[PDB]
Amino acid sequence: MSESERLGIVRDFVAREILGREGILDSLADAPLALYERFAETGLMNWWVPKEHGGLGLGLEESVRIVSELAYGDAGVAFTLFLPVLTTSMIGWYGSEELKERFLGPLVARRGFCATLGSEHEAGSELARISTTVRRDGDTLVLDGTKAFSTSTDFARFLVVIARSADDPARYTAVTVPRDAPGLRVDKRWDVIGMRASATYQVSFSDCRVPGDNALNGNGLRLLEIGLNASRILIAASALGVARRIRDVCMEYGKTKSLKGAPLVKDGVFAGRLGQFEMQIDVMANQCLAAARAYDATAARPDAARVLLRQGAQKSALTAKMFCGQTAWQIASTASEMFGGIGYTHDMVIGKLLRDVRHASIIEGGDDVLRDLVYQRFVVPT
Amino acid sequence: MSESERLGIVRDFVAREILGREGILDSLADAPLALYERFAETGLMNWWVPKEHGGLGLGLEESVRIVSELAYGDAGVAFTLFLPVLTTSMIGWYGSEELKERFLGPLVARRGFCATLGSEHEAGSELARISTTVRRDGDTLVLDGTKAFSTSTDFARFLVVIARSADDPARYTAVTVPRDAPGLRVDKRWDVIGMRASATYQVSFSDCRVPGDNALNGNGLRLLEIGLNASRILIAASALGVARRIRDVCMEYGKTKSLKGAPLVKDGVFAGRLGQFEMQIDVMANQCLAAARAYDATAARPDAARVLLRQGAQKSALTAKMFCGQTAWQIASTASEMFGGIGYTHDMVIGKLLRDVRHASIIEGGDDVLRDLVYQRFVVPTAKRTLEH
Amino acid sequence: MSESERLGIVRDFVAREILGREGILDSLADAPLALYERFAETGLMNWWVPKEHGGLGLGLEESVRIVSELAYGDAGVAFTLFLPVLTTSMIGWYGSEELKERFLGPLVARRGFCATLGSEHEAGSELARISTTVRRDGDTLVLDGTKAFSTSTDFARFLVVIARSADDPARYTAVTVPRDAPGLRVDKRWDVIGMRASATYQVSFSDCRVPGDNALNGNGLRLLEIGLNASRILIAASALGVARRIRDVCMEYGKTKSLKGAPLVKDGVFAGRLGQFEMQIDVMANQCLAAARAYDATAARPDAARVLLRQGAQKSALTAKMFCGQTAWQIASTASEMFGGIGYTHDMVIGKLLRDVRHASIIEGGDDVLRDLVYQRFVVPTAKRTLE
Amino acid sequence: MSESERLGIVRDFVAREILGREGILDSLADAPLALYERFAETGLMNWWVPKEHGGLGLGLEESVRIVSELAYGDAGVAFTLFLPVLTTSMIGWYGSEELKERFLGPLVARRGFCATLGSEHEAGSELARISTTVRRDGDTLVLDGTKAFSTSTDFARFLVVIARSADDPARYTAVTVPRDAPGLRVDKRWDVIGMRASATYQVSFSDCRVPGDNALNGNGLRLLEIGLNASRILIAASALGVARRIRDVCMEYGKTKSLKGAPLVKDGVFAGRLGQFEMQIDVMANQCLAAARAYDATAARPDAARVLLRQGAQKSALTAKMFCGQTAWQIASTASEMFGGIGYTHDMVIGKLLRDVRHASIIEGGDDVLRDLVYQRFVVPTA
Ligand SMILES: Cc1cc2c(cc1C)N(C[C@H](O)[C@H](O)[C@H](O)COP(=O)(O)OP(=O)(O)OC[C@H]1O[C@@H](n3cnc4c(N)ncnc43)[C@H](O)[C@@H]1O)c1[nH]c(=O)[nH]c(=O)c1N2
Ligand SMILES: Cc1cc2c(cc1C)N(C[C@H](O)[C@H](O)[C@H](O)COP(=O)(O)OP(=O)(O)OC[C@H]1O[C@@H](n3cnc4c(N)ncnc43)[C@H](O)[C@@H]1O)c1[nH]c(=O)[nH]c(=O)c1N2
Ligand SMILES: Cc1cc2c(cc1C)N(C[C@H](O)[C@H](O)[C@H](O)COP(=O)(O)OP(=O)(O)OC[C@H]1O[C@@H](n3cnc4c(N)ncnc43)[C@H](O)[C@@H]1O)c1[nH]c(=O)[nH]c(=O)c1N2
Ligand SMILES: Cc1cc2c(cc1C)N(C[C@H](O)[C@H](O)[C@H](O)COP(=O)(O)OP(=O)(O)OC[C@H]1O[C@@H](n3cnc4c(N)ncnc43)[C@H](O)[C@@H]1O)c1[nH]c(=O)[nH]c(=O)c1N2
């Protein structure tokens with residue numbers, strides 16, 4: 001199947017299961033929504049997983065296009081569908097071959113979800129301070145602690161938990177945990193203000209025991225940073241998709257709205273806003289594609305796992321999320337006033353799109369964290 | 001009671017009835033919420049209505065402070081409680097003595113709401129194009145048409161409707177209508193994204209008959225512009241109140257959030273944001289008060305109704321709502337990213353405050369409409385006369 | 001005469017001596033320009049100095065209107081003419097009666113300038129770290145050190161220098177120094193990017209000796225903060241004046257520029273920008289007037305000097321300079337693109353007005369300094385109190 | 001000659017002839033400055049001209065890197081050196097072989113400048129209203145009219161003038177004119193507020209006669225739009241280079257400025273600003289490269305001239321100039337306040353860089369014009 005044919009399948013899924021269903025998608029309905037099963041039936045679930053595990057092995061450049069099309073429909077749906085790339089990419093590069101086969105093989109075959117548990121309430125983004133601990137006890141690993149936010153965990157097949165070693169407090173380990181391990185408790189689902197088609201949870205571990213072979217190889221904080229390269233780029237692509245939707249929603253309104261005796265699409269102030277939007281969308285698209293191409297070129301190296309350990313955070317993954325999160329938010333903010341009073345009602349979608357797009361600058365590192373990281377890694381040394 | 005004790009009563013009301021009860025206020029609950037009757041128990045309902053019409057006669061300058069305090073708790077509650085100033089000010093200035101005694105005379109003692117119906121879907125802000133018509137039938141006026149948005153109408157005691165005459169080339173008339181006039185239908189309540197403690201309705205008229213004496217005296221679109229001077233200033237005051245709440249929510253979060261081994265209130269980036277917020281709040285407050293003082297000075301003139309026909313839209317009422325609506329949105333927008341992931345949840349109030357404060361730049365004229373009005377009314381005539389000219 | 005007649009005199013001065021003379025004012029010519037002596041002849045120099053010293057004693061509210069009219073013509077001319085209020089207000093409240101008669105009397109009668117020397121290179125705005133010292137030597141004070149920027153000093157009658165005592169753990173003192181004091185050296189004039197009708201200097205002291213009675217009474221850094229209340233409000237009023245000029249320059253251009261077959265003043269995008277400008281000018285004006293009225297109400301109190309030591313920096317003086325500096329810069333930035341290519345030449349004044357208005361957010365404390373000061377003085381203590 | 005080697009030559013030229021010389025560069029000195037002859041001596045003048053006319057034939061992608069390096073030193077020097085691409089690309093695609101041999105050949109070998117005269121005062125960007133006229137007189141063309149702004153004209157070898165046909169008012173023609181043609185008058189040099197190492201002129205024509213074959217083939221307004229694809233992308237690349245310089249000036253100041261007991265490079269507000277600048281520079285770079293790569297792919301087609309007549313303005317050329325002009329101005333605006341009082345003096349370069357970068361959003365179409373063009377061409381039709 002061609003790349004163009006796959007994108008048409010995604011576009012038909014959006015038109016068929018998302019567009020016109022903003023009501024249910026924005027309702028924080030019992031998870032998972034049936035539409036996720038419908039996406040499974042496309043054959044495109046986990047589309048990035050390598051062919052060695054029965055996946056399609058699609059590159060991140062193609063993923064940018066897929067995610068932009070999904071998020072045009074609903075950013076919470078796109079998020080839920082691409083975010084497992086964070087977990088699978090960490091397992092792909094730093095798990096043993098037997099661990100990869102135990103978890104990734106079934107993930108693809110069963111059309112399932114997985115999740116990564118990094119965030120904690122008190123540590124915040126200062127991840128050296130995380131308090132979730134992992135202890136060796138014979139042939140098992142023992143997890144204890146509370147993890148603040150993780151998406152899809154309740155219906156995931158397995159999780160990767162970033163933990164600090166109690167044995168050596170200077171050591172951090174990523175630990176694979178199956179969903180129904182003893183001692184794993186889903187504490188609650190968060191009442192998110194947007195992306196309300198996604199489900200995000202607080203999770204607690206108390207004497208949670210898993211086999212010793214379940215740890216990934218490497219500093220868990222460095223592995224997390226590497227896994228976030230893919231998800232940060234696709235969060236940027238999601239913001240691009242919402243901005244495209246906002247543009248199209250403005251044009252649909254402008255065709256029928258009258259001002260000064262003509263459709264609003266003929267008005268100079270409106271034209272100026274939409275031309276600025278289109279410029280911004282063009283730049284966001286080129287930035288996402290540049291970042292994805294760089295990601296794919298590195299992942300194609302036969303030594304990619306070792307190369308990525310040296311690299312850590314990819315500069316253009318950080319800058320793509322920063323730029324697209326800021327720009328799509330600014331587009332939504334402008335458009336939130338372009339529909340008069342009806343734009344202040346749920347009869348128009350712009351209110352939802354604005355809440356949805358707000359996630360991009362917040363999740364996986366806010367812009368204070370990421371500005372500092374870009375500065376320390378790519379300005380100070382240069 | 002002093003002005004200071006009245007504001008203490010308003011603050012106590014917000015503390016007792018609004019703060020901590022944000023869930024019900026954001027729920028679009030069946031209207032009117034019981035808290036509006038509880039506000040009437042303070043003695044402050046319709047606080048601006050002149051002494052000559054049975055009210056406390058508080059000035060708009062004091063109203064700015066009252067609204068700011070109410071909106072600090074909830075902008076939709078504030079909005080519901082001050083918006084009738086638009087209606088009562090038009091009737092007080094331009095209604096006949098008989099009409100004023102019939103509708104304004106009892107309003108304060110009844111603790112009643114009233115509403116103004118200007119907006120329409122097809123006309124937009126081009127109200128010269130309104131399609132709600134008023135036709136004369138002997139000593140009676142007959143209304144027909146659909147009005148797009150009006151706040152509190154369902155539980156209001158009476159309304160003022162802006163209509164175009166069906167008997168004249170281009171004549172506009174403000175017509176007073178009791179809530180239960182036959183022919184008046186409340187079509188639906190709007191599912192608003194914020195201010196969900198306020199209730200706003202679409203309303204239709206079919207052969208709705210009222211006495212000819214129910215028409216206010218004057219060009220109805222000019223009367224509406226004059227009435228909007230007060231509500232535009234108080235919308236600005238509401239945005240100021242929400243901005244003060246956002247500042248305080250940031251400080252409360254910063255006291256217990258840790259960064260680099262110390263509370264966030266010690267961080268330089270945080271301090272910079274809050275110092276900027278405080279500057280913007282100070283500027284908003286001085287603009288609202290300046291606009292209100294100017295309004296009060298005109299309204300105290302003995303010929304105020306005649307003066308206001310000549311003046312029309314007050315420049316600083318327009319610029320107050322423009323500035324405060326923009327600034328408070330910018331503050332909420334900045335603050336929406338200052339709480340990390342928990343700020344993306346309903347565990348924090350910022351998401352609600354962002355939806356609430358968004359109303360200020362939209363309602364009673366968006367900023368494209370208001371920039372053009374300021375330009376045409378004040379910039380163009382001035383440009384004739386400048387030292388650079 | 002009346003306040004309106006006074007403002008007409010200022011407007012006439014601007015129309016006759018400033019407007020149309022962009023080239024000379026922007027040239028960093030030998031200072032002071034002759035137009036300053038022309039202004040002296042109006043009888044309005046040092047218009048704020050109290051009548052007890054021969055001055056007109058005009059309030060800061062009126063000063064806002066005067067300065068905005070001057071700055072409409074040229075922000076550097078306005079700056080040069082109002083900035084001595086920083087120095088004279090400190091001397092007026094915290095100098096001895098003898099010191100006030102020795103310096104303020106002649107300043108008015110002789111139509112002179114004076115300056116305040118606070119800023120230093122190494123200390124920056126962290127003026128607790130200033131390295132300019134003052135040492136007692138019997139009944140005389142001895143000053144040593146380098147001061148970074150001070151306006152009009154070379155042709156000023158006298159200065160007030162903020163110094164750190166060499167005889168105390170941490171004592172700061174404001175010291176009056178006559179221009180002809182031996183040991184006072186004007187190192188150089190700064191080649192400023194805008195306000196090139198003003199002259200600002202680096203100044204050094206070496207064994208510069210003055211009588212002990214030349215010291216003002218009080219913590220020198222607090223006195224400075226109090227003196228800056230007036231000058232910060234008037235910097236705000238200057239930015240307001242420049243914003244008014246930018247609005248008017250846009251309207252004059254728009255009347256004769258054609259677009260889509262009609263004057264640009266009929267265009268919707270233009271109307272929106274100018275409506276936004278006018279909103280911002282109105283808000284700036286009301287902020288400046290509020291700050292000035294609060295300043296005037298405090299200064300009218302019989303115990304004003306004592307009250308001001310307790311109050312220090314005035315919240316609305318800081319917020320006025322912050323707001324007007326940011327807003328006038330935003331207006332100039334927008335306008336710098338509104339004239340097409342001719343706007344990128346000296347045939348239009350917008351390039352100069354942009355450079356001129358840039359001063360307002362930089363001078364007398366940048367916005368990083370001022371946001372932090374507003375935060376520490378007004379946000380942190382009131383967070384002890386709030387309904388939430 | 002590797003590409004990295006060529007870029008090293010450019011960087012060495014910037015270090016030798018530009019850095020530390022802001023005084024002279026900002027002074028609107030007698031033009032052309034001697035440094036342009038020094039650039040000619042590198043062998044890189046007119047580096048984009050195809051090898052068919054003796055040029056190096058470098059693509060626009062490499063040109064983006066070259067211009068960014070030049071503009072890092074001085075945007076006005078960069079502008080003067082790359083802007084002839086507008087003129088040469090028009091002649092290359094729409095001139096006859098004889099015209100190309102007559103004007104493009106010698107341009108490369110003689111290391112000269114050429115210029116395009118499009119803008120007019122009364123027409124503004126409403127170019128259908130241009131009033132400069134061209135009339136046929138036998139086998140010759142007669143030009144009459146005043147052109148508002150043209151860069152390097154006084155020392156150019158030749159010009160392309162956009163004119164309206166006096167015979168058929170519906171027709172627009174691009175006409176090549178030798179600099180020394182009788183009837184061509186350089187009226188004045190504009191006193192520009194920035195890029196004061198460049199020279200831009202008002203030019204008038206009175207009975208200016210040239211051979212008929214000096215005309216390019218095609219609608220002159222469409223040809224101008226096509227030529228502007230390259231120059232608009234390189235204006236964006238110039239703004240990028242100035243933004244990189246501003247970042248570096250901030251870092252050099254922050255290393256020696258003290259704040260709360262530590263160098264300013266340790267301060268959180270400063271780090272936030274510079275991290276934001278670096279993100280914006282990365283995005284600008286990737287947008288310029290994407291636009292240049294699309295330009296190069298189209299220019300490499302055998303039928304490029306025909307393809308480009310259909311295409312007209314390239315979307316990503318417009319969006320690159322729009323984005324980079326806005327972003328680099330915003331960076332300059334923020335930095336103009338980051339140096340305290342010394343930043344308000346000519347002891348610091350930020351004042352000049354601010355004036356320099358201001359050109360990018362203004363020249364070759366302001367953003368009101370370009371937002372409307374992007375809207376009409378790329379938003380409205382895509383139903
Ligand atoms: C819907 C949804 C979905 C998910 C998640 C959250 C949400 C809301 N997350 C967690 C999310 O990625 C996380 O919330 C963000 O990275 C932000 O980190 P914190 O909330 O800890 O705030 P954090 O502590 O980083 O920042 C909070 C505030 O503190 C200030 N601050 C922080 N750093 C600063 C600095 N350097 N300088 C100045 N100020 C600074 C700022 O005001 C900032 O807004 C997650 N997690 C996970 O592990 N797996 C998952 O699947 C998901 N998915
Ligand atoms: C919660 C709530 C409560 C109320 C109301 C609304 C809501 C949402 N209103 C109505 C409200 O005041 C009204 O919606 C606003 O004035 C805006 O008018 P329109 O919705 O018609 O949009 P409008 O047609 O004015 O604008 C829609 C869009 O058109 C564009 N546009 C409009 N004018 C333009 C211009 N000059 N130039 C360029 N673009 C332009 C802009 O994109 C703008 O966003 C009301 N009404 C009433 O009568 N009584 C009441 O009590 C209330 N209360
Ligand atoms: C034309 C002209 C005229 C005058 C003056 C200057 C000029 C240019 N001044 C001096 C002027 O008031 C002084 O330049 C400003 O107050 C700023 O002080 P510094 O230059 O020391 O920079 P300062 O050290 O305050 O700031 C420099 C940079 O450091 C950063 N920074 C500083 N504080 C920060 C913070 N808290 N947080 C984060 N970042 C921070 C910022 O990047 C800022 O731009 C003056 N002086 C005088 O005594 N008498 C006079 O008459 C005049 N008049
Ligand atoms: C240093 C320098 C160098 C050069 C040039 C200029 C300068 C200053 N130019 C000319 C330059 O490209 C030209 O100035 C710009 O394209 C802008 O065109 P106009 O100046 O005619 O203003 P234009 O008329 O396009 O715009 C002026 C103002 O009108 C308003 N406006 C315009 N269009 C609008 C719209 N659609 N909607 C709303 N408002 C609108 C805006 O306020 C705008 O700022 C040139 N020319 C040439 O032929 N050859 C060359 O080499 C050069 N190089």
# chains A, B, ... in the order shown; residues from 1 in each chain; ligands from 1

call {"tool": "interface_residues", "arguments": {"of": "chain D", "to": "chain C", "cutoff": "9 Å", "atoms": "only C-alpha atoms", "output": "PyMOL selection string"}}
result
chain D and resi 122-124+126+149+190-194+257-260+269+333+336-347+351-352+355+358-359+361-363+365-368

call {"tool": "write_last_selection", "arguments": {"atoms": "N, CA, C and O atoms", "output": "compact mmCIF listing (two decimals), in the first residue's frame"}}
result
# COMPACT_ATOMS: atom_id res chain seq x y z
N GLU D 122 3.35 56.44 -7.04
CA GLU D 122 1.89 56.49 -7.02
C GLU D 122 1.28 55.09 -7.08
O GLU D 122 0.27 54.84 -6.44
N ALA D 123 1.87 54.16 -7.85
CA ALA D 123 1.26 52.84 -7.97
C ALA D 123 1.41 52.03 -6.68
O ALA D 123 0.52 51.23 -6.34
N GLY D 124 2.51 52.23 -5.96
CA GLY D 124 2.74 51.41 -4.77
C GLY D 124 2.86 49.95 -5.17
O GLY D 124 3.44 49.61 -6.19
N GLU D 126 0.33 48.27 -6.15
CA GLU D 126 -0.77 48.05 -7.11
C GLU D 126 -0.16 48.21 -8.51
O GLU D 126 -0.33 49.23 -9.20
N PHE D 149 12.36 53.30 -6.27
CA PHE D 149 13.43 52.71 -5.48
C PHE D 149 14.12 51.64 -6.31
O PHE D 149 13.46 50.69 -6.74
N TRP D 190 18.48 57.49 -1.83
CA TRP D 190 17.62 57.53 -0.65
C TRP D 190 18.46 57.45 0.62
O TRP D 190 19.35 56.62 0.74
N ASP D 191 18.13 58.28 1.60
CA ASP D 191 18.76 58.26 2.93
C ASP D 191 18.04 57.21 3.79
O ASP D 191 17.16 57.51 4.60
N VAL D 192 18.44 55.96 3.61
CA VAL D 192 17.77 54.84 4.27
C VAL D 192 18.15 54.79 5.75
O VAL D 192 19.24 55.22 6.16
N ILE D 193 17.22 54.30 6.57
CA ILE D 193 17.43 54.29 8.03
C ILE D 193 18.31 53.13 8.45
O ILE D 193 18.98 53.20 9.48
N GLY D 194 18.34 52.06 7.67
CA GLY D 194 19.20 50.92 7.91
C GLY D 194 19.72 50.39 6.59
O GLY D 194 19.44 50.94 5.55
N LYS D 257 28.56 40.61 31.83
CA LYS D 257 27.65 41.35 32.68
C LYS D 257 27.31 40.55 33.94
O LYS D 257 27.03 39.35 33.90
N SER D 258 27.32 41.24 35.07
CA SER D 258 27.01 40.64 36.36
C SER D 258 25.57 40.94 36.76
O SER D 258 25.08 42.04 36.56
N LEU D 259 24.90 39.94 37.32
CA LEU D 259 23.56 40.09 37.88
C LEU D 259 23.42 39.10 39.03
O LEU D 259 23.65 37.91 38.84
N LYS D 260 23.01 39.62 40.19
CA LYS D 260 22.86 38.87 41.45
C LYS D 260 24.04 37.94 41.71
O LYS D 260 23.90 36.77 42.06
N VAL D 269 15.84 34.51 33.49
CA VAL D 269 15.14 35.32 32.50
C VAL D 269 15.96 35.40 31.22
O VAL D 269 15.42 35.30 30.10
N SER D 333 13.69 43.41 18.60
CA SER D 333 12.92 44.24 19.51
C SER D 333 13.15 43.83 20.96
O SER D 333 13.40 44.67 21.82
N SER D 336 16.75 44.78 22.08
CA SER D 336 17.00 46.21 22.18
C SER D 336 16.86 46.71 23.60
O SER D 336 17.35 47.80 23.90
N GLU D 337 16.20 45.94 24.47
CA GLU D 337 16.05 46.28 25.87
C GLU D 337 16.92 45.44 26.81
O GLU D 337 16.82 45.60 28.02
N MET D 338 17.72 44.52 26.30
CA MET D 338 18.39 43.56 27.17
C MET D 338 19.77 44.04 27.60
O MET D 338 20.41 43.36 28.40
N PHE D 339 20.22 45.19 27.10
CA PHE D 339 21.56 45.71 27.39
C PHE D 339 21.51 46.94 28.27
O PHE D 339 22.51 47.63 28.42
N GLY D 340 20.37 47.24 28.88
CA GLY D 340 20.34 48.44 29.71
C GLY D 340 20.63 49.71 28.92
O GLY D 340 20.43 49.79 27.71
N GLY D 341 21.17 50.70 29.64
CA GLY D 341 21.46 51.99 29.06
C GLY D 341 22.50 51.95 27.94
O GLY D 341 22.40 52.71 26.96
N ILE D 342 23.50 51.08 28.07
CA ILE D 342 24.55 51.02 27.04
C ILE D 342 23.98 50.55 25.71
O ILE D 342 24.46 50.95 24.64
N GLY D 343 22.89 49.79 25.76
CA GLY D 343 22.18 49.37 24.56
C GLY D 343 21.49 50.50 23.82
O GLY D 343 21.08 50.32 22.67
N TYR D 344 21.33 51.63 24.47
CA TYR D 344 20.78 52.84 23.89
C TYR D 344 21.86 53.76 23.35
O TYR D 344 21.60 54.94 23.12
N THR D 345 23.08 53.25 23.21
CA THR D 345 24.18 54.01 22.65
C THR D 345 24.81 53.25 21.49
O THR D 345 24.64 52.05 21.34
N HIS D 346 25.55 53.98 20.65
CA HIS D 346 26.27 53.33 19.56
C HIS D 346 27.49 52.55 20.04
O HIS D 346 28.16 51.91 19.22
N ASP D 347 27.76 52.51 21.35
CA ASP D 347 28.77 51.58 21.85
C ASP D 347 28.36 50.12 21.68
O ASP D 347 29.22 49.23 21.75
N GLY D 351 21.39 48.62 18.27
CA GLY D 351 20.66 49.68 17.57
C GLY D 351 20.75 49.59 16.06
O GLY D 351 19.74 49.71 15.35
N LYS D 352 21.95 49.32 15.54
CA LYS D 352 22.12 49.18 14.10
C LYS D 352 21.44 47.93 13.59
O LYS D 352 20.78 47.96 12.54
N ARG D 355 17.69 48.51 13.15
CA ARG D 355 17.41 49.25 11.93
C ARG D 355 17.65 48.40 10.70
O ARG D 355 16.88 48.47 9.74
N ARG D 358 14.84 45.69 10.23
CA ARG D 358 13.54 46.26 9.89
C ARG D 358 13.23 46.16 8.40
O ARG D 358 12.05 46.14 8.01
N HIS D 359 14.25 46.04 7.55
CA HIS D 359 14.00 46.05 6.12
C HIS D 359 13.23 44.83 5.66
O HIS D 359 12.45 44.92 4.70
N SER D 361 10.67 42.94 6.61
CA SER D 361 9.23 42.92 6.49
C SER D 361 8.69 43.99 5.53
O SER D 361 7.49 43.96 5.23
N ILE D 362 9.51 44.94 5.09
CA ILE D 362 9.05 46.09 4.30
C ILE D 362 9.31 45.90 2.81
O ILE D 362 8.45 46.17 1.98
N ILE D 363 10.52 45.48 2.46
CA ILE D 363 10.98 45.43 1.08
C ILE D 363 10.42 44.21 0.36
O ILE D 363 10.24 43.14 0.95
N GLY D 365 7.47 43.81 -0.87
CA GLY D 365 6.11 43.55 -0.43
C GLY D 365 6.06 43.52 1.08
O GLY D 365 6.70 42.67 1.72
N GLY D 366 5.32 44.45 1.67
CA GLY D 366 5.06 44.41 3.08
C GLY D 366 4.08 43.29 3.42
O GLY D 366 3.55 42.57 2.56
N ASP D 367 3.82 43.14 4.70
CA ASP D 367 3.03 41.97 5.09
C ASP D 367 1.54 42.15 4.86
O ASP D 367 0.84 41.15 4.79
N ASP D 368 1.04 43.37 4.72
CA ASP D 368 -0.36 43.50 4.28
C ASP D 368 -0.52 42.98 2.85
O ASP D 368 -1.42 42.19 2.54

call {"tool": "closest_atom_pairs", "arguments": {"of": "chain D", "to": "chain B", "cutoff": "10 Å", "atoms": "only C-alpha atoms", "output": "CSV"}}
result
residue,atom,partner,partner_atom,distance
D:267,CA,B:268,CA,8.4
D:268,CA,B:269,CA,6.6
D:269,CA,B:269,CA,5.6
D:270,CA,B:269,CA,9.4
D:272,CA,B:269,CA,8.4

call {"tool": "residues_around", "arguments": {"residues": "stretch 15-27 of chain B", "least_positions_apart": "3", "cutoff": "6 Å", "atoms": "only C-alpha atoms", "output": "list in words"}}
result
residues 12, 73, 196 and 197 of chain B

call {"tool": "write_last_selection", "arguments": {"atoms": "C-alpha atoms", "output": "compact mmCIF listing (two decimals), in the first residue's frame"}}
result
# COMPACT_ATOMS: atom_id res chain seq x y z
CA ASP B 12 -18.49 38.66 52.27
CA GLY B 73 -15.51 35.35 42.42
CA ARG B 196 -22.02 29.59 32.78
CA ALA B 197 -23.70 31.15 35.84

call {"tool": "interface_residues", "arguments": {"of": "chain D", "to": "chain A", "cutoff": "7 Å", "atoms": "only C-alpha atoms", "output": "VMD selection string"}}
result
chain D and resid 271 to 272 274 to 276 279 283 286 to 287 290 319 368 371 to 372 374 to 375

call {"tool": "interface_residues", "arguments": {"of": "chain C", "to": "chain A", "cutoff": "10 Å", "atoms": "only C-alpha atoms", "output": "count of residues only"}}
result
5

call {"tool": "residues_around", "arguments": {"residues": "stretch 295-298 of chain C", "least_positions_apart": "6", "cutoff": "12 Å", "atoms": "only C-alpha atoms", "output": "ChimeraX atom specification"}}
result
/C:48,57-64,89,226-234,288-289,304-318

call {"tool": "interface_residues", "arguments": {"of": "chain B", "to": "chain C", "cutoff": "9 Å", "atoms": "only C-alpha atoms", "output": "JSON, numbers by chain"}}
result
{"B": [11, 14, 15, 19, 73, 245, 247, 248, 249, 251, 252, 265, 268, 271, 272, 273, 274, 275, 276, 277, 278, 279, 280, 282, 283, 284, 286, 287, 290, 315, 316, 318, 319, 320, 322, 323, 367, 368, 369, 370, 371, 372, 373, 374, 375, 376, 378, 379, 380, 383, 386, 387, 388, 389]}

call {"tool": "residues_around", "arguments": {"residues": "residue B:110", "least_positions_apart": "6", "cutoff": "12 Å", "atoms": "only C-alpha atoms", "output": "count of residues only"}}
result
12

call {"tool": "interface_residues", "arguments": {"of": "chain A", "to": "chain B", "cutoff": "8 Å", "atoms": "only C-alpha atoms", "output": "NGL selection string"}}
result
:A and (122 or 190-194 or 258 or 337 or 340-341 or 344-347 or 351 or 359 or 361-363 or 366)

call {"tool": "residues_around", "arguments": {"residues": "residue A:297", "least_positions_apart": "5", "cutoff": "12 Å", "atoms": "only C-alpha atoms", "output": "NGL selection string"}}
result
:A and (59-61 or 290-292 or 302-304 or 307-308)

call {"tool": "atom_distance", "arguments": {"atom1": "atom CA of residue A:133", "atom2": "atom CA of residue A:171"}}
result
10.1 Å

call {"tool": "atom_distance", "arguments": {"atom1": "atom CA of residue A:170", "atom2": "atom CA of residue B:255"}}
result
29.2 Å

call {"tool": "atom_distance", "arguments": {"atom1": "atom CA of residue A:90", "atom2": "atom 51 (O, counted along the ligand's line) of ligand 1"}}
result
13.7 Å

call {"tool": "select_by_dssp", "arguments": {"residues": "stretch 183-256 of chain A", "states": "helix (DSSP H, G or I)", "output": "VMD selection string"}}
result
chain A and resid 212 to 214 220 to 256

call {"tool": "select_by_dssp", "arguments": {"residues": "stretch 129-336 of chain A", "states": "strand (DSSP E)", "output": "number ranges by chain"}}
result
A: 133-137, 140-151, 158-165, 172-178, 184-189, 200-211, 258-259, 262-263

call {"tool": "closest_residue", "arguments": {"among": "D:96, D:89, D:119, D:2", "to": "ligand 4", "atoms": "only C-alpha atoms and all ligand atoms"}}
result
D:119
